[PDB]
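S.K.: Got entry24.pdb for you, PDB, C-alpha atoms and all ligand atoms:
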ATOM      1  CA  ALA A 893     126.502 -21.671 -70.476
ATOM      2  CA  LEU A 894     126.582 -25.198 -71.951
ATOM      3  CA  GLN A 895     123.537 -25.991 -74.099
ATOM      4  CA  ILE A 896     121.451 -29.059 -73.102
ATOM      5  CA  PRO A 897     117.973 -30.088 -74.451
ATOM      6  CA  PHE A 898     115.234 -29.081 -71.952
ATOM      7  CA  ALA A 899     113.869 -32.660 -71.665
ATOM      8  CA  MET A 900     117.479 -33.652 -70.671
ATOM      9  CA  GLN A 901     117.882 -30.796 -68.207
ATOM     10  CA  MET A 902     114.614 -31.904 -66.566
ATOM     11  CA  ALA A 903     115.876 -35.509 -66.353
ATOM     12  CA  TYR A 904     118.988 -34.233 -64.519
ATOM     13  CA  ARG A 905     116.613 -32.222 -62.243
ATOM     14  CA  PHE A 906     114.449 -35.331 -61.541
ATOM     15  CA  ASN A 907     117.647 -37.287 -60.773
ATOM     16  CA  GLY A 908     118.602 -34.454 -58.331
ATOM     17  CA  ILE A 909     115.498 -35.227 -56.133
ATOM     18  CA  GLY A 910     116.074 -39.021 -56.102
ATOM     19  CA  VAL A 911     113.423 -39.662 -58.821
ATOM     20  CA  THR A 912     114.942 -41.876 -61.533
ATOM     21  CA  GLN A 913     115.319 -40.239 -65.019
ATOM     22  CA  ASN A 914     112.957 -42.690 -66.768
ATOM     23  CA  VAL A 915     110.097 -41.283 -64.615
ATOM     24  CA  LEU A 916     110.423 -38.091 -66.722
ATOM     25  CA  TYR A 917     110.762 -39.702 -70.168
ATOM     26  CA  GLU A 918     107.962 -42.212 -69.595
ATOM     27  CA  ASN A 919     105.729 -39.263 -68.508
ATOM     28  CA  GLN A 920     107.159 -36.380 -70.604
ATOM     29  CA  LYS A 921     103.844 -35.317 -72.272
ATOM     30  CA  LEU A 922     102.095 -35.367 -68.869
ATOM     31  CA  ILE A 923     104.895 -33.482 -67.030
ATOM     32  CA  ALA A 924     105.020 -30.861 -69.829
ATOM     33  CA  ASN A 925     101.193 -30.415 -69.709
ATOM     34  CA  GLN A 926     101.262 -30.109 -65.877
ATOM     35  CA  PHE A 927     103.953 -27.389 -66.180
ATOM     36  CA  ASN A 928     102.055 -25.538 -68.977
ATOM     37  CA  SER A 929      98.744 -25.809 -67.040
ATOM     38  CA  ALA A 930     100.388 -24.660 -63.765
ATOM     39  CA  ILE A 931     101.829 -21.606 -65.636
ATOM     40  CA  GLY A 932      98.223 -21.045 -66.854
ATOM     41  CA  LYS A 933      97.028 -21.099 -63.186
ATOM     42  CA  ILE A 934      99.729 -18.484 -62.385
ATOM     43  CA  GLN A 935      98.351 -16.197 -65.152
ATOM     44  CA  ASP A 936      94.756 -16.783 -63.963
ATOM     45  CA  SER A 937      95.698 -16.124 -60.283
ATOM     46  CA  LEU A 938      97.724 -12.950 -61.071
ATOM     47  CA  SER A 939      95.046 -11.692 -63.537
ATOM     48  CA  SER A 940      92.185 -12.457 -61.052
ATOM     49  CA  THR A 941      93.555 -10.832 -57.818
ATOM     50  CA  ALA A 942      96.132  -8.193 -56.769
TER      51      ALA A 942
ATOM     52  CA  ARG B1091     123.167 -44.482 -64.487
ATOM     53  CA  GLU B1092     125.157 -41.273 -64.033
ATOM     54  CA  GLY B1093     126.220 -38.786 -66.703
ATOM     55  CA  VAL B1094     124.752 -38.370 -70.201
ATOM     56  CA  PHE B1095     124.794 -39.829 -73.736
ATOM     57  CA  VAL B1096     126.807 -38.072 -76.472
ATOM     58  CA  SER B1097     128.102 -38.743 -79.964
ATOM     59  CA  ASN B1098     131.301 -37.498 -81.606
ATOM     60  CA  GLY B1099     129.374 -37.778 -84.955
ATOM     61  CA  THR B1100     129.842 -41.545 -85.685
ATOM     62  CA  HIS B1101     129.922 -43.372 -82.290
ATOM     63  CA  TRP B1102     127.790 -43.113 -79.111
ATOM     64  CA  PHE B1103     129.319 -42.778 -75.618
ATOM     65  CA  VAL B1104     128.109 -42.153 -72.070
ATOM     66  CA  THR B1105     130.092 -39.494 -70.196
ATOM     67  CA  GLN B1106     130.158 -37.521 -66.911
ATOM     68  CA  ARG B1107     127.997 -34.332 -66.834
ATOM     69  CA  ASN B1108     130.903 -31.994 -65.834
ATOM     70  CA  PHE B1109     133.983 -33.433 -67.664
ATOM     71  CA  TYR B1110     134.161 -35.172 -71.060
ATOM     72  CA  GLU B1111     135.436 -38.717 -70.551
ATOM     73  CA  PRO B1112     133.753 -40.808 -73.305
ATOM     74  CA  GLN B1113     132.953 -44.325 -72.021
ATOM     75  CA  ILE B1114     131.646 -47.145 -74.290
ATOM     76  CA  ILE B1115     127.944 -47.753 -73.507
ATOM     77  CA  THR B1116     127.307 -51.013 -71.592
ATOM     78  CA  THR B1117     124.720 -52.813 -69.419
ATOM     79  CA  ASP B1118     126.925 -51.723 -66.429
ATOM     80  CA  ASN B1119     126.802 -47.897 -67.040
ATOM     81  CA  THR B1120     123.097 -47.912 -68.208
ATOM     82  CA  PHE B1121     119.706 -49.024 -66.776
ATOM     83  CA  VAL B1122     116.606 -50.191 -68.729
ATOM     84  CA  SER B1123     113.058 -48.926 -68.414
ATOM     85  CA  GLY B1124     110.318 -50.154 -70.790
ATOM     86  CA  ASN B1125     110.399 -50.310 -74.616
ATOM     87  CA  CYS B1126     111.356 -47.576 -77.180
ATOM     88  CA  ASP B1127     107.853 -46.168 -77.924
ATOM     89  CA  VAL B1128     107.234 -43.740 -75.020
ATOM     90  CA  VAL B1129     110.493 -41.709 -75.150
ATOM     91  CA  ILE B1130     110.517 -38.449 -77.200
ATOM     92  CA  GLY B1131     113.875 -38.369 -79.067
ATOM     93  CA  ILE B1132     115.289 -41.835 -78.199
ATOM     94  CA  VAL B1133     118.017 -43.043 -80.662
ATOM     95  CA  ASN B1134     119.240 -46.461 -81.864
ATOM     96  CA  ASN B1135     122.698 -47.833 -80.937
ATOM     97  CA  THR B1136     124.348 -51.037 -79.649
ATOM     98  CA  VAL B1137     124.711 -51.385 -75.856
ATOM     99  CA  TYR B1138     127.524 -53.856 -75.041
ATOM    100  CA  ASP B1139     126.982 -56.619 -72.407
ATOM    101  CA  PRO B1140     130.334 -57.224 -70.569
ATOM    102  CA  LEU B1141     129.360 -60.768 -69.475
ATOM    103  CA  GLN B1142     128.921 -62.276 -72.971
ATOM    104  CA  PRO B1143     132.553 -62.567 -74.291
ATOM    105  CA  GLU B1144     133.506 -63.897 -70.811
ATOM    106  CA  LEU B1145     130.865 -66.699 -70.854
ATOM    107  CA  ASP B1146     131.747 -67.246 -74.575
ATOM    108  CA  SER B1147     135.163 -68.661 -73.397
TER     109      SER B1147
HETATM  110  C1  LIG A1201     134.407 -41.275 -82.676
HETATM  111  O1  LIG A1201     135.056 -42.096 -81.656
HETATM  112  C2  LIG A1201     135.537 -43.414 -82.134
HETATM  113  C3  LIG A1201     136.206 -44.165 -80.976
HETATM  114  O2  LIG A1201     137.036 -43.250 -80.241
HETATM  115  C4  LIG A1201     136.502 -43.207 -83.301
HETATM  116  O3  LIG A1201     136.737 -44.525 -83.907
HETATM  117  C5  LIG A1201     138.135 -44.939 -83.984
HETATM  118  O4  LIG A1201     138.841 -44.068 -84.925
HETATM  119  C6  LIG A1201     140.265 -44.405 -85.178
HETATM  120  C7  LIG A1201     140.826 -43.402 -86.194
HETATM  121  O5  LIG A1201     140.006 -43.392 -87.380
HETATM  122  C8  LIG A1201     140.370 -45.869 -85.640
HETATM  123  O6  LIG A1201     141.759 -46.258 -85.695
HETATM  124  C9  LIG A1201     139.674 -46.812 -84.649
HETATM  125  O7  LIG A1201     139.774 -48.178 -85.140
HETATM  126  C10 LIG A1201     138.205 -46.398 -84.474
HETATM  127  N1  LIG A1201     137.539 -47.292 -83.520
HETATM  128  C11 LIG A1201     136.345 -47.835 -83.741
HETATM  129  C12 LIG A1201     135.768 -48.664 -82.586
HETATM  130  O8  LIG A1201     135.737 -47.683 -84.799
HETATM  131  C13 LIG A1201     135.929 -42.309 -84.399
HETATM  132  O9  LIG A1201     136.980 -42.042 -85.364
HETATM  133  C14 LIG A1201     135.375 -40.992 -83.841
HETATM  134  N2  LIG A1201     134.668 -40.254 -84.888
HETATM  135  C15 LIG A1201     134.783 -38.945 -85.064
HETATM  136  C16 LIG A1201     133.839 -38.332 -86.103
HETATM  137  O10 LIG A1201     135.582 -38.270 -84.421
HETATM  138  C1  LIG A1202     115.299 -47.955 -84.549
HETATM  139  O1  LIG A1202     115.503 -49.305 -85.068
HETATM  140  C2  LIG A1202     114.259 -50.065 -85.300
HETATM  141  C3  LIG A1202     114.646 -51.447 -85.831
HETATM  142  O2  LIG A1202     115.656 -52.002 -84.972
HETATM  143  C4  LIG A1202     113.370 -49.293 -86.279
HETATM  144  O3  LIG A1202     112.073 -49.987 -86.323
HETATM  145  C5  LIG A1202     111.520 -50.264 -87.651
HETATM  146  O4  LIG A1202     110.993 -49.024 -88.229
HETATM  147  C6  LIG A1202     110.308 -49.145 -89.540
HETATM  148  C7  LIG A1202     109.811 -47.753 -89.956
HETATM  149  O5  LIG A1202     108.991 -47.187 -88.913
HETATM  150  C8  LIG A1202     109.184 -50.190 -89.436
HETATM  151  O6  LIG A1202     108.658 -50.458 -90.755
HETATM  152  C9  LIG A1202     109.708 -51.521 -88.878
HETATM  153  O7  LIG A1202     108.596 -52.451 -88.750
HETATM  154  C10 LIG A1202     110.387 -51.302 -87.518
HETATM  155  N1  LIG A1202     110.922 -52.572 -87.020
HETATM  156  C11 LIG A1202     110.807 -52.957 -85.751
HETATM  157  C12 LIG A1202     111.493 -54.282 -85.390
HETATM  158  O8  LIG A1202     110.187 -52.297 -84.920
HETATM  159  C13 LIG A1202     113.130 -47.849 -85.816
HETATM  160  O9  LIG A1202     112.376 -47.136 -86.831
HETATM  161  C14 LIG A1202     114.457 -47.123 -85.541
HETATM  162  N2  LIG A1202     114.205 -45.788 -84.996
HETATM  163  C15 LIG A1202     114.796 -44.690 -85.458
HETATM  164  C16 LIG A1202     114.456 -43.379 -84.729
HETATM  165  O10 LIG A1202     115.576 -44.721 -86.409
HETATM  166  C1  LIG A1203     114.176 -31.505 -83.372
HETATM  167  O1  LIG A1203     113.649 -30.230 -83.849
HETATM  168  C2  LIG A1203     113.645 -30.092 -85.324
HETATM  169  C3  LIG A1203     113.079 -28.709 -85.663
HETATM  170  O2  LIG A1203     113.722 -27.732 -84.821
HETATM  171  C4  LIG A1203     112.826 -31.243 -85.934
HETATM  172  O3  LIG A1203     112.981 -31.229 -87.369
HETATM  173  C5  LIG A1203     113.300 -32.613 -85.430
HETATM  174  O4  LIG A1203     112.432 -33.641 -85.982
HETATM  175  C6  LIG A1203     113.291 -32.661 -83.893
HETATM  176  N1  LIG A1203     113.805 -33.950 -83.430
HETATM  177  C7  LIG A1203     113.390 -34.525 -82.306
HETATM  178  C8  LIG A1203     114.160 -35.777 -81.873
HETATM  179  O5  LIG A1203     112.460 -34.068 -81.647
END
Write the structure described by the file as structure tokens, please.
M.R.:
Amino acid sequence: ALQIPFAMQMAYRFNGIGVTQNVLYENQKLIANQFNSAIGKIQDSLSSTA
Amino acid sequence: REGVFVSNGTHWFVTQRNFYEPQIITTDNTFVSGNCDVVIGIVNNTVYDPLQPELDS
């Protein structure tokens, strides 16, 4: 395991789908909030229904 | 453009993700997008422009 900052791992992962790295950094707050909110929807879905 | 920025402690280089080959940072191995403000954890360094000493002849 080689450490890398998570905002730099996600820029590699954007670059791996043909989306240029700056699209992450210029939207990092938004992309982080969409991930956090989507994890919230997973808790709400799993808590709501079996 | 490809690879990642690193510092040895005093100088900044761009290098491949999977094998350390430190390259001097230039307008050829990097691309711009916008101004400093938006990027969480941006840092300040020179980026060399390979054209300028050539046209300075
Ligand atoms: C970081 O890398 C740079 C470039 O490889 C090193 O700077 C050179 O160091 C040698 C030995 O002190 C000098 O003879 C050169 O003139 C230096 N070049 C430049 C452009 O300054 C630097 O020593 C490295 N720093 C660390 C902490 O390893
Ligand atoms: C990167 O360098 C710039 C200057 O090249 C720094 O900007 C100055 O920062 C101080 C303190 O916030 C301000 O009073 C100046 O007005 C700024 N000048 C300009 C031209 O913007 C910047 O702070 C540096 N960033 C880091 C992280 O060190
Ligand atoms: C990195 O995190 C430390 C605390 O862990 C903080 O002091 C520092 O300001 C942070 N730097 C950046 C670039 O976010």
S.K.: Determine, using all atoms listed in the file, which residues of chain B have any atom at most 7 Å from an atom of ligand LIG 1202 (chain A), and tabulate each with its shortest atom pair and distance in Å to one decimal place, rows ordered by chain and then rising number, as CSV.
M.R.:
residue,atom,partner,partner_atom,distance
B:1132,CA,A:LIG1202,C16,6.8
B:1133,CA,A:LIG1202,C16,5.4
B:1134,CA,A:LIG1202,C1,5.0
S.K.: What do you get, as JSON, numbers by chain, if you spell out every residue that the PyMOL selection byres (((chain B and resi 1135) around 10) and not hetatm) selects here?
M.R.: {"B": [1101, 1102, 1103, 1115, 1132, 1133, 1134, 1136, 1137, 1138]}
S.K.: Could you list, as a PyMOL selection string, the residues of chain A having an atom within 12 Å of chain B when counting only C-alpha atoms?
M.R.: chain A and resi 894-901+903-904+907-908+912-922+924
S.K.: Could you give me, as number ranges by chain, every polymer residue with an atom at most 6 Å away from an atom of ligand LIG 1201 (chain A), counting only C-alpha atoms and all ligand atoms?
M.R.: B: 1098-1101
S.K.: Padding 6 Å on each side, edges along x, y and z: where is the centre of the box around the listed atoms of ligand LIG 1203 (chain A), and how long are its edges in Å to one decimal? Output it as lines of an AutoDock Vina configuration file.
M.R.:
center_x = 113.3
center_y = -31.8
center_z = -84.5
size_x = 13.7
size_y = 20.0
size_z = 17.7
S.K.: Would you mind putting N, CA and C atoms back on range 1106-1132 of chain B and writing the result as a compact mmCIF listing (two decimals), keeping the file's coordinate frame?
M.R.:
# COMPACT_ATOMS: atom_id res chain seq x y z
N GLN B 1106 130.50 -38.31 -68.09
CA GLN B 1106 130.16 -37.52 -66.91
C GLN B 1106 129.50 -36.19 -67.32
N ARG B 1107 128.64 -35.61 -66.49
CA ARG B 1107 128.00 -34.33 -66.83
C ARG B 1107 129.01 -33.18 -66.94
N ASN B 1108 130.01 -33.15 -66.06
CA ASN B 1108 130.90 -31.99 -65.83
C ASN B 1108 132.33 -32.12 -66.40
N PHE B 1109 132.66 -33.21 -67.08
CA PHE B 1109 133.98 -33.43 -67.66
C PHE B 1109 133.90 -34.53 -68.72
N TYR B 1110 134.25 -34.23 -69.96
CA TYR B 1110 134.16 -35.17 -71.06
C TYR B 1110 135.20 -36.28 -70.90
N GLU B 1111 134.73 -37.45 -70.50
CA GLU B 1111 135.44 -38.72 -70.55
C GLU B 1111 134.52 -39.71 -71.26
N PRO B 1112 134.65 -39.94 -72.57
CA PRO B 1112 133.75 -40.81 -73.31
C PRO B 1112 133.98 -42.26 -72.91
N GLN B 1113 132.96 -42.91 -72.37
CA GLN B 1113 132.95 -44.32 -72.02
C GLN B 1113 132.05 -45.09 -72.99
N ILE B 1114 132.49 -46.24 -73.49
CA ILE B 1114 131.65 -47.14 -74.29
C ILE B 1114 130.39 -47.50 -73.50
N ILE B 1115 129.23 -47.54 -74.17
CA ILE B 1115 127.94 -47.75 -73.51
C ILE B 1115 127.73 -49.24 -73.26
N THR B 1116 127.46 -49.62 -72.01
CA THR B 1116 127.31 -51.01 -71.59
C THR B 1116 126.15 -51.20 -70.62
N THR B 1117 125.72 -52.44 -70.43
CA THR B 1117 124.72 -52.81 -69.42
C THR B 1117 125.15 -52.48 -67.98
N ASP B 1118 126.43 -52.19 -67.73
CA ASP B 1118 126.92 -51.72 -66.43
C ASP B 1118 126.72 -50.22 -66.20
N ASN B 1119 126.98 -49.35 -67.19
CA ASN B 1119 126.80 -47.90 -67.04
C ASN B 1119 125.41 -47.37 -67.44
N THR B 1120 124.49 -48.25 -67.86
CA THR B 1120 123.10 -47.91 -68.21
C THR B 1120 122.06 -48.80 -67.52
N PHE B 1121 120.85 -48.27 -67.29
CA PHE B 1121 119.71 -49.02 -66.78
C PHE B 1121 118.53 -48.99 -67.75
N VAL B 1122 117.79 -50.08 -67.87
CA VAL B 1122 116.61 -50.19 -68.73
C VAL B 1122 115.39 -49.55 -68.07
N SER B 1123 114.45 -49.01 -68.85
CA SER B 1123 113.06 -48.93 -68.41
C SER B 1123 112.05 -48.91 -69.56
N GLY B 1124 111.34 -50.02 -69.75
CA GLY B 1124 110.32 -50.15 -70.79
C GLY B 1124 110.89 -50.26 -72.20
N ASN B 1125 110.02 -50.23 -73.20
CA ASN B 1125 110.40 -50.31 -74.62
C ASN B 1125 110.55 -48.92 -75.27
N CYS B 1126 111.00 -48.85 -76.54
CA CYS B 1126 111.36 -47.58 -77.18
C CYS B 1126 110.22 -46.53 -77.18
N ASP B 1127 108.99 -46.98 -77.43
CA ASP B 1127 107.85 -46.17 -77.92
C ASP B 1127 107.58 -44.85 -77.19
N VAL B 1128 107.71 -44.84 -75.86
CA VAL B 1128 107.23 -43.74 -75.02
C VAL B 1128 108.17 -42.52 -75.05
N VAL B 1129 109.44 -42.71 -75.39
CA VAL B 1129 110.49 -41.71 -75.15
C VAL B 1129 110.66 -40.77 -76.34
N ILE B 1130 110.41 -39.47 -76.15
CA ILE B 1130 110.52 -38.45 -77.20
C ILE B 1130 111.99 -38.17 -77.49
N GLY B 1131 112.48 -38.59 -78.65
CA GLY B 1131 113.88 -38.37 -79.07
C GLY B 1131 114.87 -39.46 -78.68
N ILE B 1132 114.42 -40.65 -78.29
CA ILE B 1132 115.29 -41.84 -78.20
C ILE B 1132 116.02 -42.09 -79.52
